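Chemist: Provided herewith: start17.pdb, PDB, C-alpha atoms and all ligand atoms.
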ATOM      1  CA  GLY A 339     106.851  24.735  18.122  1.00  0.00           C
ATOM      2  CA  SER A 340     106.678  27.854  15.964  1.00  0.00           C
ATOM      3  CA  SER A 341     103.495  29.712  16.905  1.00  0.00           C
ATOM      4  CA  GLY A 342     104.133  31.725  20.054  1.00  0.00           C
ATOM      5  CA  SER A 343     101.770  33.265  22.596  1.00  0.00           C
ATOM      6  CA  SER A 344      99.970  36.546  21.915  1.00  0.00           C
ATOM      7  CA  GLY A 345      96.410  36.243  23.186  1.00  0.00           C
ATOM      8  CA  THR A 346      97.102  34.915  26.674  1.00  0.00           C
ATOM      9  CA  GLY A 347     100.246  35.107  28.785  1.00  0.00           C
ATOM     10  CA  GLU A 348     100.135  36.697  32.230  1.00  0.00           C
ATOM     11  CA  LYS A 349     100.878  35.201  35.648  1.00  0.00           C
ATOM     12  CA  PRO A 350     101.041  37.699  38.543  1.00  0.00           C
ATOM     13  CA  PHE A 351     101.235  34.848  41.054  1.00  0.00           C
ATOM     14  CA  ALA A 352     104.966  34.155  41.306  1.00  0.00           C
ATOM     15  CA  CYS A 353     106.369  31.571  43.718  1.00  0.00           C
ATOM     16  CA  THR A 354     108.090  32.967  46.809  1.00  0.00           C
ATOM     17  CA  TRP A 355     110.577  30.134  47.303  1.00  0.00           C
ATOM     18  CA  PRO A 356     114.186  31.152  46.535  1.00  0.00           C
ATOM     19  CA  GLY A 357     115.676  30.063  43.223  1.00  0.00           C
ATOM     20  CA  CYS A 358     112.260  28.870  42.071  1.00  0.00           C
ATOM     21  CA  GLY A 359     110.651  30.621  39.116  1.00  0.00           C
ATOM     22  CA  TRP A 360     107.153  29.195  38.747  1.00  0.00           C
ATOM     23  CA  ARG A 361     104.274  31.561  37.986  1.00  0.00           C
ATOM     24  CA  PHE A 362     100.510  31.070  37.739  1.00  0.00           C
ATOM     25  CA  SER A 363      97.612  33.059  36.286  1.00  0.00           C
ATOM     26  CA  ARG A 364      95.449  32.106  39.266  1.00  0.00           C
ATOM     27  CA  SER A 365      96.009  32.138  43.030  1.00  0.00           C
ATOM     28  CA  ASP A 366      94.980  28.548  43.745  1.00  0.00           C
ATOM     29  CA  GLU A 367      97.334  27.457  40.963  1.00  0.00           C
ATOM     30  CA  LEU A 368     100.181  29.113  42.867  1.00  0.00           C
ATOM     31  CA  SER A 369      99.128  27.949  46.331  1.00  0.00           C
ATOM     32  CA  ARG A 370      98.889  24.324  45.203  1.00  0.00           C
ATOM     33  CA  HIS A 371     102.422  24.661  43.830  1.00  0.00           C
ATOM     34  CA  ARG A 372     103.949  26.167  46.971  1.00  0.00           C
ATOM     35  CA  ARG A 373     103.301  22.711  48.422  1.00  0.00           C
ATOM     36  CA  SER A 374     106.214  21.304  46.419  1.00  0.00           C
ATOM     37  CA  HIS A 375     108.390  23.413  48.720  1.00  0.00           C
ATOM     38  CA  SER A 376     108.705  23.213  52.506  1.00  0.00           C
ATOM     39  CA  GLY A 377     106.981  26.127  54.213  1.00  0.00           C
ATOM     40  CA  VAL A 378     104.635  26.974  57.075  1.00  0.00           C
ATOM     41  CA  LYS A 379     101.184  25.736  56.066  1.00  0.00           C
ATOM     42  CA  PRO A 380      97.917  27.446  57.094  1.00  0.00           C
ATOM     43  CA  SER A 381      96.702  24.025  58.226  1.00  0.00           C
ATOM     44  CA  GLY A 382      97.694  21.664  61.023  1.00  0.00           C
ATOM     45  CA  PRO A 383      95.529  18.993  62.688  1.00  0.00           C
ATOM     46  CA  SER A 384      93.205  19.090  59.679  1.00  0.00           C
ATOM     47  CA  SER A 385      93.101  20.355  56.093  1.00  0.00           C
ATOM     48  CA  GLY A 386      90.823  20.317  53.063  1.00  0.00           C
TER      49      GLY A 386
HETATM   50 ZN    ZN B   1     108.069  27.332  43.615  1.00  0.00          ZN
END
Once more with this new file: its structure as structure tokens, please.
Modeler:
Amino acid sequence: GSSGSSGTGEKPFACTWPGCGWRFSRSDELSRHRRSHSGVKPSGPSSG
């Protein structure tokens, strides 16, 4: 719209995948995203 962002607006967690440019203010928010891409997962026979 018109009103921009001044109060909040900071995401240190930036995706590692190449070309991608998704950032998150929280870690979990970034980890859950990484899923979208194909990469070695910390899980194997089981995961929560
Ligand atoms: Zn990404």
Chemist: Decode the PyMOL selection byres (((not hetatm)) within 12 of (chain B and resi 1)) for the given file into explicit residues and return them as a list in words.
Modeler: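 Here the PyMOL selection byres (((not hetatm)) within 12 of (chain B and resi 1)) matches residues 351, 352, 353, 354, 355, 356, 357, 358, 359, 360, 361, 362, 367, 368, 369, 370, 371, 372, 373, 374, 375, 376 and 377 of chain A.
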Chemist: Can I get the selected residues back with C-alpha atoms, as a tab-separated table (two decimals), in the frame of the given file?
Modeler:
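Once everything was written out, this is again_4.tsv:
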chain	number	residue	atom	x	y	z
A	351	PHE	CA	101.24	34.85	41.05
A	352	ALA	CA	104.97	34.16	41.31
A	353	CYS	CA	106.37	31.57	43.72
A	354	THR	CA	108.09	32.97	46.81
A	355	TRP	CA	110.58	30.13	47.30
A	356	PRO	CA	114.19	31.15	46.54
A	357	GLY	CA	115.68	30.06	43.22
A	358	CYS	CA	112.26	28.87	42.07
A	359	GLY	CA	110.65	30.62	39.12
A	360	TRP	CA	107.15	29.20	38.75
A	361	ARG	CA	104.27	31.56	37.99
A	362	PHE	CA	100.51	31.07	37.74
A	367	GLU	CA	97.33	27.46	40.96
A	368	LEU	CA	100.18	29.11	42.87
A	369	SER	CA	99.13	27.95	46.33
A	370	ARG	CA	98.89	24.32	45.20
A	371	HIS	CA	102.42	24.66	43.83
A	372	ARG	CA	103.95	26.17	46.97
A	373	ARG	CA	103.30	22.71	48.42
A	374	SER	CA	106.21	21.30	46.42
A	375	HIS	CA	108.39	23.41	48.72
A	376	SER	CA	108.70	23.21	52.51
A	377	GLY	CA	106.98	26.13	54.21
Chemist: Enclose the full set of atoms of segment 375-380 of chain A listed in the file within a box whose edges lie along x, y and z, apply 5 Å of padding to each of the six sides, and report centre and edge lengths in Å to one decimal as AutoDock Vina command-line options.
Modeler:
--center_x 103.3 --center_y 25.3 --center_z 52.9 --size_x 20.8 --size_y 14.2 --size_z 18.4
Chemist: By how many Å are atom CA of residue 364 of chain A and atom CA of residue 349 of chain A apart?
Modeler: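 Those two atoms sit 7.2 Å apart.
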